[PDB]
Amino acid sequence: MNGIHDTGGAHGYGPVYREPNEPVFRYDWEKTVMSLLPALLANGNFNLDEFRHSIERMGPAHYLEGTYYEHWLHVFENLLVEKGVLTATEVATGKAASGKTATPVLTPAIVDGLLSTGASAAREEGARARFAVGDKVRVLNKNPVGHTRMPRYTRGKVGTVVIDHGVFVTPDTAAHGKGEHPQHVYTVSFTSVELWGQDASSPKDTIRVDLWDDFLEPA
């Protein structure tokens, strides 16, 4: 999705301001919002790919004006409605429609074990690897309206496969209920000149991006 979230190479965002000695949570409300994520993922209310894509689909201005955890807040209020876990009324009113009908999957007893384990996107088998480290590849020019992990600034660009990480879930399909379609993910190296052109580049700098097998073609 060619949205505001795909920021790589954009101009005009200004200096990188950094708050000295920044706390993990700047406001109490952020603690609530952050802790809701693992809780709702554990229920299987949605997966992380639909979550990313929900943030991608918020209005561009809302995205820019909202602090990070407002993005998450937006997902919970909207993605849960789209998934039919909540109704628009429940979310507007703040009041459940029929009391405690669900049971929390994330309970105190499993919090530690679940955070310590996580959920890898690696898979045993999937499409064979078409590329080997050292291969020159060109990122396909694709502009899906849905979730994708090929950044806009890499499309049509030629780089070099420098790592084959093995097989992983494909978010482009997983975000849209089209299955996992596991395939290889490579780290591809692009030169500064290749991405940005002669003028806007430095001769030494390179950019490495992780791309799925079918995002690529032989250069």
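From 1 onward, residues are counted along the sequence shown.
As listed in the deposited structure, the average C-alpha B-factor of 92-100 and of 132-140 is greater for 92-100. Annotation for 202-210 versus 10-18: the higher mean temperature factor (C-alpha) is found in 202-210. Highest CA B-factor among the listed residues (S116, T148, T87, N78): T87. Between the residues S54, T191, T173, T32, it is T173 that shows the highest Cα B-factor in the PDB record.
Ranked by Cα temperature factor within the chain, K178 sits in the highest third according to the deposited record. Ranked by Cα temperature factor within the chain, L216 sits in the middle third according to the deposited record. When the CA B factors of the chain's modelled residues are split into thirds, the value for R123 lands in the highest one. In this PDB entry, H71 carries a Cα temperature factor that places it within the lowest third of its chain's modelled residues.
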